[PDB]
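Student: So that we are looking at the same thing, I have put the structure below in structure tokens.
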Amino acid sequence: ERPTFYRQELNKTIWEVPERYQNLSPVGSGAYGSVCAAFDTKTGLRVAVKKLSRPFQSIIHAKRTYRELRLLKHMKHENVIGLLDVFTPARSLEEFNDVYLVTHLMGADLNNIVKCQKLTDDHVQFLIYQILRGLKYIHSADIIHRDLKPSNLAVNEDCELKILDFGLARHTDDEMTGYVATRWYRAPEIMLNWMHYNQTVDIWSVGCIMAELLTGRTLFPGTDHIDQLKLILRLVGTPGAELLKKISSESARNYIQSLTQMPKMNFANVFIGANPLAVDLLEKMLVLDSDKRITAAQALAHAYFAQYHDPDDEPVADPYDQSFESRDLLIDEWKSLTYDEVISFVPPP
Ligand SMILES: CC(C)(C)c1c/c(=N\C(=O)Nc2cccc(Cl)c2Cl)n(-c2cccc(CC(N)=O)c2)[nH]1
């Protein structure tokens, strides 16, 4: 009933996996783990296998491990990554120190698309439609992605798209510094820690992604946090008093008021030649005040997606209990919770 596992070393990491998974090759690595492509001989699928790096080394790691397993086990939607398998070579809780996660392999991400391909407005409609369909689902579970960007969007040959998070890195201060794509898609309220944020950050990211699909260029390629803010405020205008009072960070508020006031620009003169409906949708996503941004559910009903929108096939998630988020436990308690979730996993039929 327990499969047989075999061992191999790949780039200084030992991988111990069931025999069903063959031809493992390294695909990515970071502080939190490593990923290989493989062939699943049981299902005939090409898969990605993520080996978490010392998942129970600390409370933050143990909870992160638990969190990712909880999320992936819940995600059951065409446009969101799902869990094919989860395994450990451990035969008991006492032996349990490693966690491996298995999903559908994707190679191509949206960067591959935007920089190689010439996307028509039809392609842009279909790609952004699928992001929004996925996001409606994710948000319906009160899950916030927070790191939407082209490298976290997998896209196949038929332009079919899935949202994931390939994050093997700590978004450290250094990682968010300078002329870096790690920060270019972030809502300004989270980039600058303006206030307590919510799921609306993800819609800002979608606006940035949609713009870049339309133009082939990064929307806000800031050289640093402040330069990026300036690029943002140039396009969308400086904040009015109503938004300024919502910036609960007094230092951040005081800074943004130092800036000379600027009006929102004409997006038709920015996105020259774009479908007017794309321009209208961008205007509704790229609103500084996150309270006033369009939601994923609202966006799906926008005329730009008339060709794709089916209100009977834009499903919501089952209830997702994230009461664990506010719970403090010891490493071994997070570990046993995680082990229970590994043990209870039922594969997709
Ligand atoms: C889209 C959604 C549901 C918010 C998501 C997918 C995901 N994990 C992956 O997408 N994992 C993954 C990616 C590429 C290949 C493979 Cl094998 C995996 Cl398991 N997520 C995810 C990734 C790393 C950590 C955490 C937990 C945390 N945020 O602290 C979650 N989050």
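Identifiers in this document derive from the order of the structure tokens: chains are assigned A, B, ..., residues are numbered from 1 separately in each chain, and ligands are numbered from 1 in order of occurrence.
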If we count only C-alpha atoms, what is near stretch 223-229 of chain A at a cut-off of 6 Å, once residues fewer than 4 positions away on the same chain are taken out, given as a CSV table (one decimal) with C-alpha atoms, in the first residue's frame?

Tutor:
```
chain,number,residue,atom,x,y,z
A,177,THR,CA,15.0,46.5,-3.9
A,178,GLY,CA,15.9,48.1,-7.2
A,179,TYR,CA,15.0,47.5,-10.8
```

Student: Check which residues fall inside 9 Å of ligand 1 when counting only C-alpha atoms and all ligand atoms, and print them as an mmCIF file with C-alpha atoms, in the first residue's frame.

Tutor:
```cif
data_model
loop_
_atom_site.group_PDB
_atom_site.id
_atom_site.type_symbol
_atom_site.label_atom_id
_atom_site.label_comp_id
_atom_site.auth_asym_id
_atom_site.auth_seq_id
_atom_site.Cartn_x
_atom_site.Cartn_y
_atom_site.Cartn_z
ATOM 1 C CA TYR A 32 12.255 27.291 0.805
ATOM 2 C CA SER A 34 13.413 22.856 -4.961
ATOM 3 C CA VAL A 35 11.322 21.679 -7.860
ATOM 4 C CA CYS A 36 11.936 18.923 -10.473
ATOM 5 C CA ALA A 37 10.080 17.962 -13.628
ATOM 6 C CA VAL A 47 4.516 16.662 -13.271
ATOM 7 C CA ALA A 48 6.384 19.127 -11.142
ATOM 8 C CA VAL A 49 7.591 17.798 -7.820
ATOM 9 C CA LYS A 50 8.404 20.325 -5.057
ATOM 10 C CA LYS A 51 10.629 19.178 -2.197
ATOM 11 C CA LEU A 52 10.336 21.579 0.729
ATOM 12 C CA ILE A 60 7.513 30.043 10.365
ATOM 13 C CA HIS A 61 8.686 27.217 8.094
ATOM 14 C CA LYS A 63 3.383 26.882 9.468
ATOM 15 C CA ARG A 64 4.291 27.806 5.882
ATOM 16 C CA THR A 65 4.540 24.101 5.038
ATOM 17 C CA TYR A 66 1.152 23.464 6.642
ATOM 18 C CA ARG A 67 -0.318 26.519 4.878
ATOM 19 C CA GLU A 68 0.867 25.495 1.399
ATOM 20 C CA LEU A 69 -0.469 21.955 1.865
ATOM 21 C CA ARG A 70 -3.817 23.320 3.088
ATOM 22 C CA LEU A 71 -4.080 25.671 0.134
ATOM 23 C CA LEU A 72 -3.102 23.184 -2.567
ATOM 24 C CA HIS A 74 -8.318 22.972 -1.403
ATOM 25 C CA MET A 75 -7.686 24.404 -4.881
ATOM 26 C CA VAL A 80 -5.609 27.384 -10.440
ATOM 27 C CA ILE A 81 -2.838 24.905 -9.708
ATOM 28 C CA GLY A 82 -4.117 21.734 -7.979
ATOM 29 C CA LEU A 83 -2.487 18.935 -5.990
ATOM 30 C CA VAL A 86 1.643 14.663 -1.782
ATOM 31 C CA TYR A 100 6.976 16.535 -1.368
ATOM 32 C CA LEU A 101 4.209 18.157 -3.449
ATOM 33 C CA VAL A 102 3.167 17.083 -6.957
ATOM 34 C CA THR A 103 1.335 19.100 -9.547
ATOM 35 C CA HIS A 104 0.862 19.296 -13.302
ATOM 36 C CA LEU A 105 4.057 20.471 -14.931
ATOM 37 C CA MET A 106 3.921 23.714 -16.798
ATOM 38 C CA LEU A 135 -9.048 34.794 -9.006
ATOM 39 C CA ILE A 138 -9.405 32.017 -4.978
ATOM 40 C CA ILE A 143 -7.449 33.613 -0.033
ATOM 41 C CA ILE A 144 -5.233 36.513 -1.168
ATOM 42 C CA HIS A 145 -2.514 35.601 -3.662
ATOM 43 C CA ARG A 146 -0.443 38.789 -3.018
ATOM 44 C CA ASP A 147 2.265 37.906 -5.598
ATOM 45 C CA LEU A 148 0.554 37.769 -8.941
ATOM 46 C CA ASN A 152 3.331 32.798 -11.365
ATOM 47 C CA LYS A 162 -3.289 28.450 -14.324
ATOM 48 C CA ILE A 163 -2.486 30.629 -11.340
ATOM 49 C CA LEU A 164 0.207 29.295 -9.050
ATOM 50 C CA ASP A 165 2.932 30.488 -6.708
ATOM 51 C CA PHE A 166 6.401 29.246 -7.618
ATOM 52 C CA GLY A 167 7.808 31.054 -4.610
ATOM 53 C CA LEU A 168 10.884 29.330 -3.339
ATOM 54 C CA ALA A 169 12.251 32.669 -2.154
#
```

Student: I'd like the contact shell of residue A:277 - 10 Å cut-off, only C-alpha atoms, skipping same-chain residues fewer than 6 positions apart - returned as a list in words.

Tutor: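 What passes the distance filter is residues 283, 302, 303, 304 and 305 of chain A.
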
Student: Find the residues around residue A:220 up to 9 Å (only C-alpha atoms counted), leave out those fewer than 6 positions away in its own chain, and share them as a JSON list (two decimals) with C-alpha atoms, in the first residue's frame.

Tutor:
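What follows is the written file result.json:
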```
[["chain", "number", "residue", "atom", "x", "y", "z"],
["A", 184, "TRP", "CA", 6.69, 45.83, -10.44],
["A", 185, "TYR", "CA", 3.25, 44.10, -10.07],
["A", 208, "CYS", "CA", -0.31, 45.54, -14.50],
["A", 228, "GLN", "CA", 7.88, 53.09, -8.94],
["A", 229, "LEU", "CA", 5.44, 55.13, -6.84],
["A", 231, "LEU", "CA", 5.45, 56.07, -12.23],
["A", 232, "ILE", "CA", 2.18, 54.92, -10.65]]
```

Student: Hey, what's within 12 Å of residue A:137 if we count only C-alpha atoms and toss same-chain stuff fewer than 5 positions away? As a ChimeraX atom specification, please?

Tutor: /A:74-81,130-132,142-145,162-163,199,295-297,300,313-320

Student: Would you list the contacts of residue A:214 as a ChimeraX atom specification, taking every protein, DNA or RNA residue within 9 Å and counting only C-alpha atoms, but skipping same-chain residues closer than 4 positions in sequence?

Tutor: /A:114,119-121,124,209-210,271,274,278

Student: Measuring between only C-alpha atoms, which one of A:327, A:123, A:20, A:246 shows the shortest distance to residue A:161?

Tutor: A:123

Student: Choose the residue, out of A:348, A:245, A:323, A:186, that has the smallest atom-to-atom separation from residue A:221; count only C-alpha atoms.

Tutor: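 Counting only C-alpha atoms, the residue closest to residue A:221 is A:186.
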
Student: In terms of the shortest atom-to-atom distance over only C-alpha atoms, which of A:235, A:218, A:288, A:195 is closest to residue A:262?

Tutor: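 Residue with the minimum atom-to-atom distance to residue A:262: A:235.
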
Student: Please report the interatomic distance between atom CA of residue A:2 and atom CA of residue A:331 in Å with one decimal.

Tutor: 25.9 Å
